[PDB]
Amino acid sequence: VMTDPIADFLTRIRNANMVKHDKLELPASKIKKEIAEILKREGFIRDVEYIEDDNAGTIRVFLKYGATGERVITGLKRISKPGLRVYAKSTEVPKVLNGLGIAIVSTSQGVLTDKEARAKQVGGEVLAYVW
Amino acid sequence: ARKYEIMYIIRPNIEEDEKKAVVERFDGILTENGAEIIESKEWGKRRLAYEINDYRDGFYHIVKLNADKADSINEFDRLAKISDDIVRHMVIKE
Amino acid sequence: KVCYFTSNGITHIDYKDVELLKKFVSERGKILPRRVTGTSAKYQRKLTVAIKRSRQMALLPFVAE
Amino acid sequence: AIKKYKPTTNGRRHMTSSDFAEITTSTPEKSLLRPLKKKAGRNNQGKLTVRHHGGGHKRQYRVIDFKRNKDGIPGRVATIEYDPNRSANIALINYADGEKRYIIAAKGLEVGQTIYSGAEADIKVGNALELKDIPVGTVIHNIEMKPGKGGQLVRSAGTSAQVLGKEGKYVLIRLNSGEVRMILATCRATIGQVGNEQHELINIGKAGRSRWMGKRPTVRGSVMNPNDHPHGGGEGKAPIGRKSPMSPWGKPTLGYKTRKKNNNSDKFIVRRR
Amino acid sequence: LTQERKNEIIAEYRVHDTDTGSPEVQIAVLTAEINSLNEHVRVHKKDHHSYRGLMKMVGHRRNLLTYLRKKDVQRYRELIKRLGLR
RNA sequence: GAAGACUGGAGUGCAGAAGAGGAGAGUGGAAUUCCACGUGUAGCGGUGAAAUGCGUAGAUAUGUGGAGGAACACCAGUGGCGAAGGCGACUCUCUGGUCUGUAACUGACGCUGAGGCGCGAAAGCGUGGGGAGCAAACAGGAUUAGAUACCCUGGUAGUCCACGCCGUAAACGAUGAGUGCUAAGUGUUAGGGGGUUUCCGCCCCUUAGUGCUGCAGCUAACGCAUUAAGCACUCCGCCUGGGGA
Ligand SMILES: [Mg+2]
Ligand SMILES: [Mg+2]
Ligand SMILES: [Mg+2]
Ligand SMILES: [Mg+2]
Ligand SMILES: [Mg+2]
Ligand SMILES: [Mg+2]
Ligand SMILES: [Mg+2]
Ligand SMILES: [Mg+2]
Ligand SMILES: [Mg+2]
Ligand SMILES: [Mg+2]
Ligand SMILES: [Mg+2]
Ligand SMILES: [Mg+2]
Ligand SMILES: [Mg+2]
Ligand SMILES: [Mg+2]
Ligand SMILES: [Mg+2]
Ligand SMILES: [Mg+2]
Ligand SMILES: [Mg+2]
Ligand SMILES: [Mg+2]
Ligand SMILES: [Mg+2]
Ligand SMILES: [Mg+2]
Ligand SMILES: [Mg+2]
Ligand SMILES: [Mg+2]
Ligand SMILES: [Mg+2]
Ligand SMILES: [Mg+2]
Ligand SMILES: [Mg+2]
Ligand SMILES: [Mg+2]
Ligand SMILES: [Mg+2]
Ligand SMILES: [Mg+2]
Ligand SMILES: [Mg+2]
Ligand SMILES: [Mg+2]
Ligand SMILES: [Mg+2]
Ligand SMILES: [Mg+2]
Ligand SMILES: [Mg+2]
Ligand SMILES: [Mg+2]
Ligand SMILES: [Mg+2]
């Protein structure tokens, strides 16, 4: 059965990148909103829209490629799996690809990236690595 | 509740007076049991495709039933195999 | 080439209908293969239950000389 | 069923017995009892003619109906009882007359059933009919050999014979031993198998249990003296130092056929066992 | 279980006059089925394929009873006293 | 964690469908063997060649009848059903599961699952039956330097049935179960919808199975490839050089 809806978000984007698909849509959730919204802030995804329906709504994401078809996202990874959750202190927040990537952290002040977390001295659950 | 359909063959060397004696007899034994008969029809003399017993032809009969306990077909089956007048019989449900 | 029972709208095959079944066996009483008669897969199964039922009541022969 | 006993002692170790689940009542019908006296194999003259008999629990005779000639009266099974005088059980039947009599209990005969005899009886377990009215293939028992005499051929527990054909005045029967025999068509029989099938599975377990049934010990002929048995004598254990093993009276005992060669019923026996 | 026999049990345990999928209704129908297979299995002793279907009813019936106990205890104790369960 | 709310999971209801799924009772036709009786004369059978064997006490062949047991010709199909083992003559009785359509109903009631409990080809074991063909052991004839083998003539347990054990297999797709995503082309099984047409028929779409070919991806290679050995999450089982073992 479905045991990790966040992992599906991470892997659906990865599966669409390989075949250069220009868009995708998937069932919506509150936590997926920030993750999808965060990616738009650093240009990892070209756009995002919400569709309201009966069950839970629907979200579609517009993937982004450079001129002459280079991927903008070269990898997505899930860290804190349901089988082994991980937590990071204020000084333990990593730097994905030596600052050229980002990490999504679910702090007590909201879901925000690794760079912003070290500016507020808070920790939380590390959710994903995007580079 | 559940309907059946019985075909049985009577020996060819039988006479009209005694042929209808067994047709009314086998129609009877389906009645005191839990069944109500619908249609007793006879095709007539036919040539058997193979020599089933010492005979070569036979009279064909058709019976329709609406049975519930499904034991009136058991009594027919029990007494059809034992009489010397019926040479074959078959019960079909649809 | 064309299924007989589907084209004619037949939905039930009876074992008392000897004249219909005689078109679906060979000269020796053997059931013809489906690639020869052209009948569909669904009604090939119903057809053989009719033939096997009628063989027992001596309406069709088992093996014919 | 068959009841195994726990090995409490060395005599109860291998012993089994019936549980008597089919038996309904434990008291016999008083007006159908006759006395028996043991004979221990003693002759008309007082001589011991048949050996290894004598000295068991005392019994009483229950008069059985083997003729079954009460035709047209519906007989209702009342009880199923125990008979010391035979291996099968018996059933008490009281007719609509008021008369009562015992018959052999067939397999599947239960209390409350109705039993018929005659010519209009149906082919059901327990009914009695002439062999000419019995269809080919049925399993029968209690076959009689002469009309009006009474059942005699198949009667012990678990035994059965099968009707096999017709020859005009006679009927072919395959007896329990495996013999094909010709019997008149006016002789009667009962439909079914005989009652107590498990009787052959009982392990006696004790020597005293054989003694309870009236069996005295059997001495082998190899441990006798030369004037007692053709096998006695010799120093130590001795083999059968003869051409063939011998009975206590001569007359070879292994493979030698003892049926009369000029018998009058060889023309009524179609094939032997 | 014949179709009309089932619809009497459904009508006898509905929490309201329309439902057919209430846990009270399903357990009552499931109970009637395993009290009908137990006679078939008792006489057809060596019918192993049918006996597997029995054990999937018992397990399914147990799952629904557990769910009812947690959600609403008062309803749960009413069913077992009415269906004669433990 | 607690209190509520929902319907995309799961299950019930309603309308259809297919199937060698299972247990019990009864019946059918070809064919082999044996037995009885007509006709008939000198071989039959067998092999790479032969011989043992059967036959003038009259065989093989042939016509008629009787007894008995086991397997079900054509249909028959990378067709169907089942959790696996496995299930193929026909009828009835008792029973399990699955698929499609509807959106009436409950409202997360779910997945995996160590120990535990059941099922489980064939051979084998115990008790009681049955025994036609086949056939370990065994006997005889050939082959061979030898032949405790292959080949030929016979043949006992066994194979069949009821009940009770045994608990293994190259029990294999050599591929654990659940869930979601990721080009296409084409057969076939069971359904549903629409267009043409009076039907038939053709075409398109769709659900659940069953085959083949192939992209990205994976792989040491062979190869797998929407029925993954690709991309991911949950739970269980197992491995750490060979022999000894
Ligand atoms: Mg003696
Ligand atoms: Mg002795
Ligand atoms: Mg001495
Ligand atoms: Mg002497
Ligand atoms: Mg001596
Ligand atoms: Mg001595
Ligand atoms: Mg000595
Ligand atoms: Mg649903
Ligand atoms: Mg079936
Ligand atoms: Mg079956
Ligand atoms: Mg034959
Ligand atoms: Mg040579
Ligand atoms: Mg001959
Ligand atoms: Mg399956
Ligand atoms: Mg069912
Ligand atoms: Mg079914
Ligand atoms: Mg299916
Ligand atoms: Mg609601
Ligand atoms: Mg499970
Ligand atoms: Mg275990
Ligand atoms: Mg075996
Ligand atoms: Mg055995
Ligand atoms: Mg034996
Ligand atoms: Mg040799
Ligand atoms: Mg042989
Ligand atoms: Mg067994
Ligand atoms: Mg081993
Ligand atoms: Mg193993
Ligand atoms: Mg296999
Ligand atoms: Mg393995
Ligand atoms: Mg998997
Ligand atoms: Mg999958
Ligand atoms: Mg497919
Ligand atoms: Mg080592
Ligand atoms: Mg080692």
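Residues numbered from 1 in each chain as written, not as in the entry; some residues may be left out. Chains lettered and ligands numbered in written order. Part of a larger assembly, values for the part shown. Heavy atoms only, no water.

Stated formally: UniProt positions are given in the numbering used here, feature names are shortened, and annotations may be inferred rather than shown by experiment.
The record deposited in the PDB is entitled "Cryo-EM structure of the Listeria innocua 70S ribosome in complex with HPF (structure I-A)". UniProt's Sequence similarities (unreviewed entry) comment on chain C is quoted here verbatim: "Belongs to the bacterial ribosomal protein bS18 family." As its UniProt record puts it under Subunit (unreviewed entry), chain C is described as follows: "Part of the 30S ribosomal subunit. Forms a tight heterodimer with protein bS6."

Heading Sequence similarities (unreviewed entry) of the UniProt record for chain B holds this comment: "Belongs to the bacterial ribosomal protein bS6 family." UniProt annotates chain B under Function (unreviewed entry) with the comment "Binds together with bS18 to 16S ribosomal RNA."

**Quick notes on the nonpolar core**
All names here are of chain D. For clarity, the cut-off: Here, the term nonpolar core denotes a set of buried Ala, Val, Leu, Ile, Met, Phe, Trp, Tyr and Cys residues that are joined through side-chain atoms within 4.5 Å. When a residue's accessible area, from a 1.4 Å probe over protein chains only, is under 20% of the maximum for its type it is buried; when over 50% it is exposed; and in between it is partly exposed. Strands are runs of DSSP state E lasting at least 2 residues, helices are runs of H or I lasting at least 4, and numbering of each runs from the N terminus. Contacts were defined at the residue level, with two residues in contact if any of their heavy atoms lie within 4.5 Å.
Core analysis: the largest hydrophobic core is formed by 29 residues, its most contacted members being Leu 131, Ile 140, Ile 143 and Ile 173. Counting only elements with at least two residues in this core, the list comes to β6 (90–95), β7 (100–104), β11 (161–166), β12 (170–174) and β14 (188–191). Dropping the residues within four chain positions of it, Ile 140 is found in contact with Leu 131, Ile 134, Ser 160, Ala 161, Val 163, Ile 173, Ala 189, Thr 190, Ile 191 and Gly 192.

**Some words on the environment of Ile 140 of chain D**
Relative to the helices and strands, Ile 140 of chain D is located in strand β10 (residues 139–141). Measuring from C-alpha to C-alpha, the distance between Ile 140 of chain D and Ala 106 of chain D comes to 9.9 Å, with 34 residues separating the pair along the chain.

**Comments concerning the pattern of salt bridges**
Residue and element names in this part refer to chain D. The following threshold applies: A pair is scored as a salt bridge if a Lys or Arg side-chain nitrogen falls within 4 Å of a carboxyl oxygen belonging to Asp or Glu.
For the structure shown, the criterion picks out 28 salt bridges over all chains. A salt bridge links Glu 99 to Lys 70, with the nearest nitrogen and oxygen atoms 3.2 Å apart. Of the two residues, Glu 99 sits in the loop between β6 and β7 while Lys 70 sits in the loop between β4 (60–62) and β5 (75–81), which places them 29 residues apart along the sequence. We classify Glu 99 as partly exposed; its relative accessible area is 31%. One connected set of salt bridges, linked through shared partners, spans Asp 65, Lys 70, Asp 97, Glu 99 and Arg 101.

**Some words on the packing of aromatic side chains**
Short version of the rule: The pairing test for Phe, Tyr and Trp rings, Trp by its six-membered ring, is centres within 6.5 Å, and the orientation test on the planes gives stacked under 30 degrees, edge-to-face over 60, and tilted for anything in between. As a reminder, the over-ring test applies to NZ of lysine and CZ of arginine, requiring each to be within 6 Å of the ring centre and within 35 degrees of the ring normal.
If you walk through the whole model with that rule in mind, you get eleven aromatic pairs over all chains. With 5.3 Å between their ring centres and 80° between their planes, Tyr 4 of chain C and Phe 5 of chain C make a pair best called edge-to-face. Classification of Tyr 4 of chain C by relative accessible area gives partly exposed; the value is 31%. Exposure remark for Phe 5 of chain C: the relative accessible area of 0% places this residue in the buried category. By the ring-pair criterion, three or more aromatic residues cluster together here, those being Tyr 4, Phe 5, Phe 24 and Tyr 43 of chain C. Just above the ring of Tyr 50 of chain A sits the side chain of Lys 33 of chain A; from NZ or CZ to the centre is 5.2 Å.

**Here we look at the arrangement of the chains**
Interchain contacts are distributed over two pairs of chains, and the most extensive set of them lies between chains B and C. One thing to see here is that chain A and chain E don't touch, and their nearest C-alpha atoms sit 18 Å from each other. Chain B shows no contact with chain E. Their nearest C-alpha atoms sit 12 Å apart.

**Considering the protein's contact with RNA strand F**
As a reminder, the rule being used: Here a residue counts as near a molecule or strand whenever at least one of its heavy atoms sits within 4 Å of it. Counting of polar contacts relies on pairs of N or O atoms within 3.5 Å, with two restrictions inside protein: one atom must be capable of donating a hydrogen and the other of accepting it, and residues adjacent in sequence are counted only when both atoms are side-chain atoms. When residues are grouped by polarity, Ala, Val, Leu, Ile, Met, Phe, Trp, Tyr, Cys and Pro land in nonpolar, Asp, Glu, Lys and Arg in charged, and all others, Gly among them, in polar.
Looking at RNA strand F, there are 75 residues lining it, with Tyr 4 of chain B, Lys 42 of chain C together with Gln 26, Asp 47 and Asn 63 of chain E nearest. Protein-adjacent atoms of RNA strand F, using a 4 Å cutoff, are sugar or phosphate at a proportion of 81%. Between RNA strand F and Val 91 of chain B there is a distance of 2.9 Å, counted from a sugar or linking oxygen to a backbone nitrogen or oxygen. Side-chain polar atom of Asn 7 of chain E to a phosphate oxygen of RNA strand F: 3.3 Å apart, as the coordinates give it. Elements supplying a minimum of two residues to the surface near RNA strand F: α1 (5–18) of chain A, β1 (2–10) and β4 (86–93) of chain B, α1 (4–7) and α4 (41–56) of chain C together with α1 (3–13), α2 (23–43) and α3 (48–71) of chain E. When its residues are assigned to classes, the surface near RNA strand F shows 23 nonpolar, 28 polar and 24 charged.

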